[PDB]
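Notes follow the structure.
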Amino acid sequence: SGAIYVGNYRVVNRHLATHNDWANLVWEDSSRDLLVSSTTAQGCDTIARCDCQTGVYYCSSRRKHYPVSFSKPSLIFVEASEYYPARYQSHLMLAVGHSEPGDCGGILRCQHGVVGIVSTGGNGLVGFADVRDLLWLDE
Ligand SMILES: CSc1cn(C)nc1NC(=O)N1CCC[C@H](C(N)=O)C1
Ligand SMILES: [Zn+2]
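Under the entry's author numbering, think of the first position of the sequence shown as 7, with each following residue one higher.
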């Protein structure tokens with residue numbers, strides 16, 4: 007679990023969104039596993055606006071942060087699960103790192119701010135749903 011709080015927005019993995027998230031929906035994209043909902047309070051997370059390929063992510067299954075090199079956002083095939091059939095997930099970045107399903111939501115950050123959230127894994131790899139292209143999170 008985990009979310010990004012910036013302005014009047016909350017960003018979560020779409021597969022982990024709540025009834026409140028869906029009843030306060032701004033935008034959602036199943037192909038990216040993202041869902042953004044509105045909030046009453048003001049969030050102060052800075053979103054990175056960069057092309058960084060290095061950063062640090064929070065791994066809840068180890069109660070530890072890990073430094074990673076990660077790939078450019080792209081269309082990567084993702085196995086079927088209880089939330090989605092087998093499909094290509096877009097805007098996904100992979101890195102060599104430990105992850106388990108409950109890790110989804112963990113933030114990935116570089117020196118410029120929040121890069122994205124843990125969204126996929128398996129086989130000694132971890133995938134992050136990129137949010138840097140969502141410029142409207144600031145306006
Ligand atoms: C949840 S990350 C993970 C780590 N391991 C070992 N296995 C993992 N499971 C996954 O990759 N997914 C299950 C939850 C939804 C994900 C998606 N975005 O389609 C796919
Ligand atoms: Zn950066």
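Where a beta carbon is used, it is the ideal one built from N, C-alpha and C, also for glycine.
Closer than 8 Å is the cut-off here; do at least three beta carbon pairs connect the region 87–104 with the region 124–137? Enough Cβ pairs lie closer than 8 Å, so yes.
If we count Cβ pairs, one from each stretch, closer than 8 Å, do we get three or more for the region 136–145 versus the region 35–53? yes
Residue from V17, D27 and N129 with nearest C-alpha to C50: Mapped onto the sequence shown, residue 50 falls at position 44. Nearest option by C-alpha distance: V17.
Tell me the residue span of the alpha helix (DSSP H) that contains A29. On the sequence shown, residue 29 is found 23 positions in, with the first residue counted as 1. Looking at the DSSP string, the run of the alpha helix (DSSP H) that includes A29 is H25 to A29.
Around the Cβ of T126, are there at least 16 other Cβ atoms within 10 angstroms (buried) or fewer (exposed)? The count along the sequence shown starts at 1 and reaches residue 126 at position 120. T126 should be labelled buried.
What does a CB cutoff of less than 6 Å around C56 pick up in its chain, not counting 5 residues either side in sequence? Reading the sequence shown from its first residue, position 50 is the one you call residue 56. Once the five neighbours on either side are set aside, the close Cβ partners of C56 are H118.
Indicate, with yes or no, if ligand 2 has a heavy atom lying under 7 Å from the CB of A101. For this step, residue 101 is matched to residue 95 along the sequence shown. Outside the cutoff, so no.
Counting only the same chain and skipping the five closest in sequence on each side, list residues whose C-beta sits under 8 Å from that of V12. Within the sequence shown, residue 12 is the residue found at index 6, counting from 1. Only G49, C50, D51, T52, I53, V120, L143 and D144 meet the Cβ criterion.
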